[PDB]
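Take a look at the structure tokens below, where one protein chain is shown in two forms, each on its own, as structure 1 and structure 2.
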Structure 1
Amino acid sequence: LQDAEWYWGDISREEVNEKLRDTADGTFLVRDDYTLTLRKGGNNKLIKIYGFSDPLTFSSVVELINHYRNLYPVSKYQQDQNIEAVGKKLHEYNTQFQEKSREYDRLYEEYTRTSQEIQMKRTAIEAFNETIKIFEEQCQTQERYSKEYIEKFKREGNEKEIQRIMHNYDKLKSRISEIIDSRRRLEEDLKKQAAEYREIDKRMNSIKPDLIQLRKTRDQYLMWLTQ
């Protein structure tokens, strides 16, 4: 009864909730007075104890379960992969795990960094767009005003002042072209980095399950040495 497999000593609830995570409604284990944890609707129900309510039909706890049995349990033992070779693989599976662990963190260091830089670029582009809009309105302001002046100076012989107006105009538009060029070189940097992000993601999603199952198997190799 103490030996029987579904009994998990006197453990904390964090440990229990961990194992009942992600199971089908039915799975169970008993723990310490005796209580029984169980799945129903995808929740961890708690049920005290021999019997539950009034008619205490049973003689021991190991019987009580087996009547309601008429639920596939969590096993203290069942650790499907000599003490010498298992002591070795703990150094091997734990190194294989810990090498991936540090590769994941460095992937996250990129992930985060790269995420922020993208958002920055997106702001910068919004800025350039508004900047450029303002210069384009300055262009239309120059036409409105230089219209009446360029015609006057053209009517006079004075094309010295025509040359002075259009020195300003050429600078303005040359400046616009430079700003548009800067927005464009950022648009390519943004698209390049967005793909670099999408890629860094694909690598993390591919190394995420690898990290989980390396912990599952490694944890059960420790459970064999302590039993």
Structure 2
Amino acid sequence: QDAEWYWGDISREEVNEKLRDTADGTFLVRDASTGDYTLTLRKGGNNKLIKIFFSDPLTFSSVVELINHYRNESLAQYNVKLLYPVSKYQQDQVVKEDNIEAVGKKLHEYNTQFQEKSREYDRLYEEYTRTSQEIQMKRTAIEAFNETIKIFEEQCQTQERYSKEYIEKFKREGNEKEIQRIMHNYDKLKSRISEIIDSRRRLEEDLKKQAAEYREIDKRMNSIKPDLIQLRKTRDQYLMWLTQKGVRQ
């Protein structure tokens, strides 16, 4: 019960978080979720589960004998060694208030600060998503501005090709009004293209600014995410200390 690797009544998911991204040999023993005991050993990126009875007739009198023997001995007899224990007293620190009222008051501080940061992270994620969507909308509209300008430029080419051959016939005819009506329609077409080009230009600047706005929202979320994880785990430690230092059923 006083062993560092024994955690008692803990779920299998709590062991996954504790053995998350650990090296080969990290182990801890817990009460089997039902057997009686189950050893979880990190090896090859997987949290191996090993029942404790543990194979064939029993060769060890106690569980403390089974752990300490195998740490030095290695587990090859069954089929790495138990190199690294997960001490239960390692997290006994960071909960230093040491009395029932100091903890709980500190838990109220941590839980409050956690709800502040949680609402800050949520609203930042809504700006993050809204900016990602509006950036995608502006890129599509720039794609449509590209195709629209191509079409109106094709109208200039088509007008130029068909004209000139007609305007030189109107010059020998002496009809200045027919020349003025062709040039007036060409000025109307070119001015419209200048308006569409300037519209795409302003849309590219709004996208250029909104891309940098997305870039800073992404940095802010990458900075508050680590602080939000540790603040929740600190709150859960002070809460766990409060349940342990309280009446148990």
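The term rigid core refers to the maximal set of C-alpha atoms that superpose within 1.5 Å between the two forms. Throughout, residue numbering runs from 1 along the sequence of structure 1.
When two forms of a protein are overlaid on their rigid core, residues whose CA moves 2 Å or more are considered shifted, and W8 is one of them between structures 1 and 2. Once both forms are fitted on their rigid core, the CA atom of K76 lies 2 Å or more apart between structures 1 and 2. Relative to the superposed core, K19 moves its CA by 1.9 Å between structures 1 and 2.
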